[PDB]
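All remarks here apply to the structure that follows.
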Amino acid sequence: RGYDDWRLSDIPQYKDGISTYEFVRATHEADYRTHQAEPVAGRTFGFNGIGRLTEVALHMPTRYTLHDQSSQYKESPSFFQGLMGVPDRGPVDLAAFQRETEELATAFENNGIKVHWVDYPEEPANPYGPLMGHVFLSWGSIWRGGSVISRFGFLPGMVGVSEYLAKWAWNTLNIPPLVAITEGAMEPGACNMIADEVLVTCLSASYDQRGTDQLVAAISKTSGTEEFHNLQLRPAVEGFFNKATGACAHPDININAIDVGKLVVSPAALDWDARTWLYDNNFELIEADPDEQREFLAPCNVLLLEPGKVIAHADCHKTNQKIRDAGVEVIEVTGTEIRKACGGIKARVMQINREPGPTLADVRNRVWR
Amino acid sequence: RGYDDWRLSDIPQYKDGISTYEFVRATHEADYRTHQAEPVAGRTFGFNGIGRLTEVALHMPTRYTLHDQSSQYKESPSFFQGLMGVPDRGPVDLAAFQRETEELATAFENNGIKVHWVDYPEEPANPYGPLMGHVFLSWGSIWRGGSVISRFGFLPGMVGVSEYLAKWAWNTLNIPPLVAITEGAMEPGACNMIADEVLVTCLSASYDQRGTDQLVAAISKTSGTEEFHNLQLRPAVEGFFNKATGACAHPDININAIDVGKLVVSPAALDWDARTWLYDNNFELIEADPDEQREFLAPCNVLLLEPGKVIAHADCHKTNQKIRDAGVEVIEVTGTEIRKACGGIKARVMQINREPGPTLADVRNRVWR
Amino acid sequence: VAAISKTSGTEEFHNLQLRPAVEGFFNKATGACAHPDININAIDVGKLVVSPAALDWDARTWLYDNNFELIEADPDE
Ligand SMILES: [Cl-]
Ligand SMILES: [Cl-]
Ligand code: NA
Ligand code: NA
């Protein structure tokens, strides 16, 4: 479009004979996401919901990606094993880590999903030390309306990182920031949604109420839905993971949607109120295998590609058969080196774009019980 | 600092023998601005308050900066004269516009203030037409805690622009985004503060309550002050400016601080509640000349360099003498071409960094009445 | 308003409250006035004559929503 070819008809609020007041009022009334955020960006974006995922980012690990190679970890492995609480499966193997990363990328390419690659500087550090956990790009997943700077609850190695990923998203994809979390703790990228307007959070080391309130208020205004629901789990865990029980600070280790009104769910996830809400709203529950969960094989850390199809850890054999039994296709992918820190496959994927998908009304209307 | 020289003592929440819970809790309790925003940026920033201004940005105009040269303006001058409502002083003169821009930059250099320069692309456009009003970089002023994407109430030519300036601030100064305004209208950069924790807004074409609530909640959490006050003027004006009265949609045309508890104020600004609040809180009022105000010479659009010293339009002779009479130094600067659109000198300056300055308690404690 | 609403002979009673910028009775710089009857008045059913210095944004919004047509007084008058 030529610079001198623009006319007033190109302004959507403009009408011939409109008064100043009416034009201004029409402007005040416009939807941010569809009038400002997306047109300025020149594209749609956001991972909200359980519709068809189209675009992600991965990080190919280098030696600097390995948490056990930070000088602060070397100084006290037990401090970080306290924070993270995951079972010790030995040192991370760089080459095997790189191979399961390739395998995941191939799974995406084979399912028609665009993969961007995010790199970090050599010797990457923040004001408090080497970066740590920066392979877990879900922490930079993009919401309807824009990107989010997180407040990390337990991992100081992630200070600076949600900034880095959001800056990357702006510079590379033209995706704007929506909000910075500035109180308490809130790690929205580790949350999952179980319908178009239903978010799952936890109260945990990774989320307090103030942080949660701040996030939910921002994303609800750009969600593109009339309602917005937050289901808040209350896991019993001190740091990230409770190796006695399988309980986890992060929703995406606790629960995820596998189809319309079908969820895979940890046995350590659901307090009575959460169970009640899920029952009342007509969600069918597939229970993850208890040993897979407790041993931190991340059987709930599956990635929904679209209703009825997920990527899962290839060695979560029992949970995956239950998922297939519920009529869902499982794409098995190796994810073993990734689990030596605080996440699995879904945790390491930055979700950039997911198409609008089934709603809470759709869940409620499904006849199955 | 070497990558392998980092230790746990470099994490401010870390203490020898700290439990996981206690470390996490300490992390939740940290101040965002001072633990995360500023260290990651590698600097302090924000224009809040009435202390000493140190750093700004200007735009040197090109032909594309001139509002009267947009094809949409050519199509209907009267549509845009409706929105803006400023007196018609003839076509903008590019060369004279460039000269008063140089003069302002020299005033900054002579007063020890760093000036960054912001450029826009050739034929700059947003989804709705040529950019318009993009010389007014105050609209991209930086708050304590970060940058803000605005919701413009009356000028569609500024869609995309607060994004551009915030992106520029991130890429060039490493200053992060704080929040995007996503409802109603809110043009925070056109607001002024009259103490360290006292903001002035309007309800007008440029601000509704929802937009205002969203902004104030975000900036109050990073303000670095125990309290935060919003004085909200209620000007009688349909678009930006009311040429019958001198009333304006923007606070920075209505009022500004010239010293500790001394304000220059338009006669068309103060409703009874605003007047009462200012009286109760011990603010001394210097009234702008009524003709300077009504004719849109922008006598209130002065820029506070520090308490007791302002930059003002050189032809606001009557207001400026009243400011000197109140014991304030006036640095007179030509600002005539700038006033052919919706602002004057303070409006065109992006404020990046102002040092903490006097507080509302300081205002209240000054003995003068 | 509480007293007159009880005897108004109407089911509802509405108060539109203008917020003029004026220190005493009249602001000779602007035309703003402490008194509604210098600011605005009805001239017909849903037609008002209105000062340019009268209407803050909320007042303007209310009048718009309630379908009042506005005739603007001459600014110099
Ligand atoms: Cl109207
Ligand atoms: Cl404890
Ligand atoms: Na917010
Ligand atoms: Na009475």
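As shown in the structure tokens, the chain order sets the letters A, B, ...; within each chain, residues go from 1, and ligands are also counted from 1 in the order they appear.
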
Once you count only C-alpha atoms and all ligand atoms, what closest atom pair and distance in Å to one decimal does each residue of chain C within 10 Å of ligand 1 have, with rows by chain and rising residue number, as a Markdown table?
```
| residue | atom | partner | partner_atom_place_in_ligand_line | distance |
| --- | --- | --- | --- | --- |
| C:60 | CA | ligand 1 | 1 (Cl) | 8.3 |
| C:61 | CA | ligand 1 | 1 (Cl) | 9.0 |
| C:63 | CA | ligand 1 | 1 (Cl) | 9.3 |
| C:64 | CA | ligand 1 | 1 (Cl) | 6.7 |
| C:67 | CA | ligand 1 | 1 (Cl) | 9.9 |
| C:68 | CA | ligand 1 | 1 (Cl) | 9.5 |
| C:69 | CA | ligand 1 | 1 (Cl) | 8.3 |
| C:70 | CA | ligand 1 | 1 (Cl) | 8.1 |
```

Tell me the residues of chain A close to chain B, meaning within 7 Å using only C-alpha atoms, as number ranges by chain.
A: 3-8, 10-11, 20-21, 24, 27-29, 32, 36, 39-40, 71-72, 75, 82-83, 123, 126-130, 153-154, 159-160, 177-180, 182-185, 205, 221, 238-239

Residues near stretch 22-35 of chain C, anyone? I mean within 7 Å using only C-alpha atoms, not counting same-chain ones fewer than 4 positions away, as a list in words.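 Near neighbours after the sequence-gap exclusion: residues 244, 245, 268, 271 and 290 of chain B; 39, 53 and 54 of chain C.
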
task = For chain B, list the residues within 12 Å of chain C, counting only C-alpha atoms, and write the list as a ChimeraX atom specification.
result = /B:202-209,232-249,254,265-276,287-295

Fill in: Residues of stretch 81-258 of chain A in strand (DSSP E), written as an NGL selection string
:A and (114-117 or 125-126 or 129-130 or 147-149 or 177-180 or 192-195 or 198-202 or 229-233 or 255-258)

Keeping only N, CA, C and O atoms, write the selected residues to a file as a tab-separated table (two decimals), in the first residue's frame.
```
chain	number	residue	atom	x	y	z
A	114	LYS	N	5.97	-25.40	12.95
A	114	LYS	CA	7.12	-24.58	12.67
A	114	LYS	C	7.91	-24.49	13.97
A	114	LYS	O	7.34	-24.30	15.04
A	115	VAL	N	9.22	-24.67	13.86
A	115	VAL	CA	10.12	-24.63	15.00
A	115	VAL	C	11.10	-23.49	14.78
A	115	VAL	O	11.77	-23.50	13.77
A	116	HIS	N	11.11	-22.50	15.68
A	116	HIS	CA	12.16	-21.49	15.76
A	116	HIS	C	13.22	-22.00	16.74
A	116	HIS	O	12.90	-22.81	17.61
A	117	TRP	N	14.47	-21.54	16.61
A	117	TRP	CA	15.54	-21.94	17.49
A	117	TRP	C	16.03	-20.73	18.26
A	117	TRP	O	16.30	-19.71	17.65
A	125	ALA	N	25.03	-15.20	31.63
A	125	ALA	CA	24.86	-14.89	33.03
A	125	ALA	C	23.86	-13.74	33.21
A	125	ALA	O	23.59	-12.97	32.28
A	126	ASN	N	23.29	-13.69	34.41
A	126	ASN	CA	22.40	-12.62	34.84
A	126	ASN	C	23.12	-11.96	36.00
A	126	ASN	O	24.26	-12.31	36.31
A	129	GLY	N	24.32	-14.78	38.67
A	129	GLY	CA	25.11	-15.95	38.32
A	129	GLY	C	24.87	-16.45	36.90
A	129	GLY	O	24.13	-15.85	36.12
A	130	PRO	N	25.49	-17.60	36.52
A	130	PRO	CA	25.17	-18.25	35.25
A	130	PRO	C	23.67	-18.45	35.18
A	130	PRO	O	23.03	-18.67	36.21
A	147	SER	N	3.50	-11.16	25.18
A	147	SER	CA	4.51	-11.86	25.96
A	147	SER	C	4.46	-11.38	27.40
A	147	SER	O	3.87	-10.33	27.65
A	148	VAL	N	5.07	-12.13	28.33
A	148	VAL	CA	5.01	-11.84	29.76
A	148	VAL	C	6.41	-12.00	30.34
A	148	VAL	O	7.12	-12.95	30.01
A	149	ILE	N	6.80	-11.03	31.17
A	149	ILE	CA	7.97	-11.16	32.01
A	149	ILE	C	7.49	-11.78	33.32
A	149	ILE	O	6.56	-11.25	33.94
A	177	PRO	N	5.08	-7.15	24.20
A	177	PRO	CA	4.85	-7.51	25.59
A	177	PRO	C	3.46	-7.09	26.03
A	177	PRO	O	2.97	-6.05	25.58
A	178	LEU	N	2.86	-7.92	26.90
A	178	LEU	CA	1.56	-7.69	27.51
A	178	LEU	C	1.73	-7.14	28.91
A	178	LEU	O	1.11	-6.13	29.27
A	179	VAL	N	2.57	-7.79	29.73
A	179	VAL	CA	2.69	-7.37	31.11
A	179	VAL	C	3.96	-7.97	31.74
A	179	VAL	O	4.43	-9.06	31.37
A	180	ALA	N	4.54	-7.22	32.70
A	180	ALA	CA	5.51	-7.76	33.62
A	180	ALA	C	4.84	-8.06	34.96
A	180	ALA	O	4.13	-7.22	35.49
A	192	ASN	N	-0.99	-24.70	32.25
A	192	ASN	CA	-1.65	-25.33	31.12
A	192	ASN	C	-3.09	-24.78	31.09
A	192	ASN	O	-3.63	-24.37	32.12
A	193	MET	N	-3.70	-24.75	29.92
A	193	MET	CA	-5.12	-24.48	29.79
A	193	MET	C	-5.86	-25.77	29.39
A	193	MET	O	-5.31	-26.60	28.66
A	194	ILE	N	-7.09	-25.95	29.88
A	194	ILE	CA	-7.82	-27.19	29.67
A	194	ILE	C	-9.10	-26.93	28.88
A	194	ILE	O	-9.82	-27.88	28.57
A	195	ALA	N	-9.37	-25.66	28.57
A	195	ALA	CA	-10.32	-25.26	27.54
A	195	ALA	C	-9.91	-23.87	27.05
A	195	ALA	O	-8.90	-23.32	27.50
A	198	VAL	N	-10.10	-21.61	30.20
A	198	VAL	CA	-9.90	-22.19	31.51
A	198	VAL	C	-8.40	-22.42	31.73
A	198	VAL	O	-7.78	-23.25	31.07
A	199	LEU	N	-7.84	-21.66	32.66
A	199	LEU	CA	-6.44	-21.76	33.01
A	199	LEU	C	-6.29	-22.65	34.23
A	199	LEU	O	-7.12	-22.54	35.12
A	200	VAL	N	-5.22	-23.47	34.33
A	200	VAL	CA	-4.89	-24.12	35.59
A	200	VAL	C	-3.61	-23.50	36.16
A	200	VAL	O	-2.63	-23.40	35.43
A	201	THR	N	-3.64	-23.08	37.43
A	201	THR	CA	-2.47	-22.61	38.16
A	201	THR	C	-2.28	-23.50	39.38
A	201	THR	O	-3.06	-24.42	39.63
A	202	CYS	N	-1.22	-23.22	40.13
A	202	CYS	CA	-1.04	-23.77	41.46
A	202	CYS	C	-0.84	-22.61	42.43
A	202	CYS	O	-0.51	-21.52	41.99
A	229	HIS	N	-11.68	-18.47	33.48
A	229	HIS	CA	-11.70	-19.26	34.71
A	229	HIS	C	-10.27	-19.63	35.07
A	229	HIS	O	-9.49	-20.00	34.20
A	230	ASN	N	-9.95	-19.57	36.36
A	230	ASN	CA	-8.69	-20.06	36.90
A	230	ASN	C	-8.99	-21.19	37.89
A	230	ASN	O	-9.53	-20.93	38.97
A	231	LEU	N	-8.66	-22.43	37.53
A	231	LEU	CA	-8.61	-23.54	38.48
A	231	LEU	C	-7.26	-23.55	39.20
A	231	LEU	O	-6.23	-23.77	38.57
A	232	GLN	N	-7.27	-23.43	40.51
A	232	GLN	CA	-6.03	-23.29	41.26
A	232	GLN	C	-5.77	-24.54	42.12
A	232	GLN	O	-6.45	-24.78	43.12
A	233	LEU	N	-4.79	-25.34	41.74
A	233	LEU	CA	-4.42	-26.51	42.51
A	233	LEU	C	-3.61	-26.02	43.70
A	233	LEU	O	-3.09	-24.91	43.63
A	255	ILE	N	-1.09	-31.92	35.49
A	255	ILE	CA	-2.32	-32.08	34.73
A	255	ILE	C	-2.14	-31.50	33.33
A	255	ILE	O	-1.47	-30.49	33.18
A	256	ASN	N	-2.84	-32.06	32.34
A	256	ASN	CA	-2.98	-31.39	31.07
A	256	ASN	C	-4.15	-32.00	30.29
A	256	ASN	O	-4.53	-33.14	30.55
A	257	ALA	N	-4.70	-31.23	29.35
A	257	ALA	CA	-5.76	-31.72	28.49
A	257	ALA	C	-5.15	-32.63	27.43
A	257	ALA	O	-4.04	-32.36	26.95
A	258	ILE	N	-5.86	-33.73	27.11
A	258	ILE	CA	-5.46	-34.62	26.02
A	258	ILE	C	-6.53	-34.63	24.93
A	258	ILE	O	-6.22	-35.02	23.80
```

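All residues, whether protein, DNA or RNA, that have an atom at most 10 Å from ligand 4 (counting only C-alpha atoms and all ligand atoms) are residues 1, 2, 3, 4 and 6 of chain C.
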
For the helix (DSSP H, G or I) assignment from backbone DSSP, which residues of stretch 50-104 of chain B qualify? Please present them as a PyMOL selection string. chain B and resi 63-65+67-69+71-75+77-84+94-104

Exercise. Could you name the residues that touch residue A:61 at 8 Å or less, counting only C-alpha atoms, but leaving out those on the same chain fewer than 4 positions away, as a PyMOL selection string?
Worked result: chain A and resi 65-66+94+97-98+135
